[PDB]
Structures are given as structure tokens and as C-alpha cells.
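So you can see what is in the structure, the chains are spelled out below.
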Amino acid sequence: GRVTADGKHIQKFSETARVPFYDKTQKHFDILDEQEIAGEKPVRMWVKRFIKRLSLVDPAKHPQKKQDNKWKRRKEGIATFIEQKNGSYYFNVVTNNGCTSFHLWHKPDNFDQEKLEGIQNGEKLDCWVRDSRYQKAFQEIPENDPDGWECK
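As a convention, residue numbering begins from 1 on each chain and follows the written sequence, not necessarily the numbering found in the entry; residues with no coordinates do not appear. For these chains, which sit within a larger assembly, all listed values pertain solely to the part presented. To obtain the side-chain values, all non-hydrogen atoms of the structure were included, while hydrogens and water were left out.

Deposited coordinates in this entry are attributed by the record to cryo-EM, at a stated resolution of 3.29 Å.

Structural data, given as C-alpha cells:
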């Protein structure tokens, strides 16, 4: 909540979202002003709500990992690769049936490391999607994910 102009009333908020400080992945104590640390001026943030997670390897998860009861919402998936990094692999997935396709990164697992053999810069392959919990909000956007972050 928040107290109003007079000292007799409290207005109610809707929900919360955490913002990382005291870390070495963003810059908040050098972009924000001094008045905003006391928190008395509404500023814009980018709320994130759910992250796309994948498990492409189906045979190593159906008879030994279907006790998770979380992967009840697998729909489809297409995937590619455009840039190689130290430990993760690029992917581009379509959302439901051909409405929106965007990017993600995935840590390749030992049951999925047999699905990639060195991906060409544009070669195609299937995918498997899921949307998992997330509750955060940054200043501008992360420099690694151009996902749908709602401006609030």
C-alpha cells in the first residue's frame, strides 16, 4: 500500500515485482536520481512475467521425468541457431501456431547434446516449449532477451 496526501488514508496497490540491486549485472545506483531512492515519484519499469523453458529431448523425459507434473502445457516448437556462445545455444521459437516467433537461449543438456551436432547459422529443427514462473523488472531491458516486457 501507500499512504495518501493526508495522514488518514491508505491507497491499495495491485501486486509487486522485485528489482535486482547490489549485484554486478545492471546499473541502478548510477542511472536513478537521488529523490527516487526515497521512493516518492512514479518511475517506469519493465515487468517480466514468465520465461520460456525447453526440453527438446522427449525420450529421456517421458518415462523418467513425467512425475514433474509441470510440463502439462507442451504445445509445439520450431527452432534454429544464429550465434554461438560459451555454454548456451541460440533458438528461435514460434509462439502457438504462427502468430509470433522470437528468440531465446538454452543450456544444452546431455540428453539434448545428441540433438545438436554443430548447428548451421540457419538450419532448422523442431522444439518443445513451456512457460515458467518469473517475477522481475529491470530499468531498460536485458541485453540478452528481446522478449515481451510490459512497460508499467
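To continue, consider the overall build of the protein. Each helix is a run of DSSP H or I of at least 4 residues and each strand a run of E of at least 2, with the numbering of both proceeding from the N terminus. Assigned secondary structure in the protein consists of 0 helices and 9 strands. Taken from N to C terminus, the helices and strands of the protein fall in the order β-β-β-β-β-β-β-β-β. Atoms considered for the radius of gyration are the C-alpha atoms alone. The globule rule reads 2.2 Å times the number of residues to the power 0.38. Its C-alpha atoms give the protein a radius of gyration of 20 Å, more than 25% over the compact-globule value 15 Å for 152 residues. Judged by the C-alpha coordinates and their principal axes, the protein covers about 65 × 35 × 30 Å. Across the 152 residues that make up the protein, the buried fraction comes to 30%. The contact rule is simple, with two residues in contact once any of their heavy atoms fall within 4.5 Å. Once local pairs closer than 6 in sequence are excluded, the contacts in the protein between residues at least 24 apart make up 61%. Note on areas: Shrake-Rupley, 1.4 Å probe, and residue coverage restricted to the protein chains presented here. When the accessible surface of the protein is totalled, it reaches about 11200 Å², and 52% of it is carbon and sulfur. With 28 positive and 24 negative side-chain charges, the protein shows a separation of 7 Å between the mean positions of the two kinds. Only protein chains enter the accessibility calculation, which uses a 1.4 Å probe; a residue whose area is less than 20% of its type maximum is buried, one above 50% is exposed, and one in between is partly exposed. The charged-residue count follows a simple rule in which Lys and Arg add positive charge and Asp and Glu add negative charge, with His and chain termini not counted at all. Where a charge lies is defined by one atom per residue type: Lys uses NZ, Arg uses CZ, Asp uses CG and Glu uses CD.

Moving on: the side chain of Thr80. For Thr80, the position within the fold is in the loop between β4 (78-79) and β5 (89-94). Polar contact criterion, stated in full: a pair of N or O atoms within 3.5 Å, where within protein one must be able to donate a hydrogen and the other to accept it, and residues adjacent in sequence count only if both atoms are side-chain atoms. Within the local environment of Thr80, its side chain forms a polar contact with the backbone oxygen of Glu123, the two atoms lying 3.2 Å apart. For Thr80, the residues in contact, after removing those within four places along its chain, are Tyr90, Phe91, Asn92, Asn121, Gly122, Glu123, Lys124 and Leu125.

Pairs may arise between side chains of opposite charge once their charged atoms sit close together. Definition used for salt bridges: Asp or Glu carboxyl oxygen within 4 Å of a side-chain nitrogen of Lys or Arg. Counted by the stated rule, this structure contains 4 salt bridges. Residue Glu15 pairs with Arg49 through a salt bridge whose shortest N-O separation is 2.8 Å. Separated by 34 residues along the polypeptide, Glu15 in the loop between β2 (10-11) and β3 (46-54) and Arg49 in strand β3 bring together distant segments of the chain. Note on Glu15: relative accessible area 55%, which makes it exposed. A salt bridge links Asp131 to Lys52, with the shortest nitrogen-to-oxygen separation between them at 3.7 Å. Placement of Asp131 in strand β8 (residues 129-138) and of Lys52 in strand β3 is noted, with a sequence separation of 79 residues between them. According to the relative accessible area criterion, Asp131 is partly exposed, its value standing at 49%.

Stacked, tilted and edge-to-face are the three classes assigned to paired rings of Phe, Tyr and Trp, where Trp is represented by its six-membered ring and a pair needs centres within 6.5 Å; plane angles under 30 degrees give stacked, over 60 edge-to-face, the rest tilted. In total, this model carries 6 aromatic pairs according to the counting rule given. Taken together, a centroid distance of 4.9 Å and an interplanar angle of 65 degrees make the contact between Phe21 and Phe29 edge-to-face. Judged by relative accessible area, which is 25%, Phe21 ranks as partly exposed. Between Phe138 and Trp149, the ring centres sit 5.7 Å apart and the planes meet at 50 degrees, which makes this aromatic pair tilted. Pair noted here: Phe138 is in strand β8 and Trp149 is in the loop between β8 and β9 (150-151), with a separation of 11 residues, a long-range link. Assigned by exposure class, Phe138 and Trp149 land together as buried. One aromatic cluster is present, formed by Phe21, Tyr22 and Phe29 through successive ring pairs. Its end group placed over the ring of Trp128, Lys61 keeps NZ or CZ at 5.9 Å from the ring centre. Think of it as a cone above the ring: NZ of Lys or CZ of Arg counts as a charge over the ring if it is within 6 Å of the ring centre and within 35 degrees of the ring normal.

Attention shifts here to the sheet that holds β3. Pairing between the strands of a sheet is mediated by backbone hydrogen bonds and can be parallel or antiparallel. What the 3 strands build is an open sheet, ordered β8-β3-β9; its pairing is antiparallel. Every other strand in the sheet has two partners, leaving β8 and β9 as the edge strands with one partner each. Strand pairing is assigned whenever DSSP detects at least two bridges linking the two strands. By the bridge criterion, 8 bridges tie β3 to β8 in an arrangement that is antiparallel. Among the inter-strand pairings, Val47 is bridged to a residue of β8, identified as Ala137.

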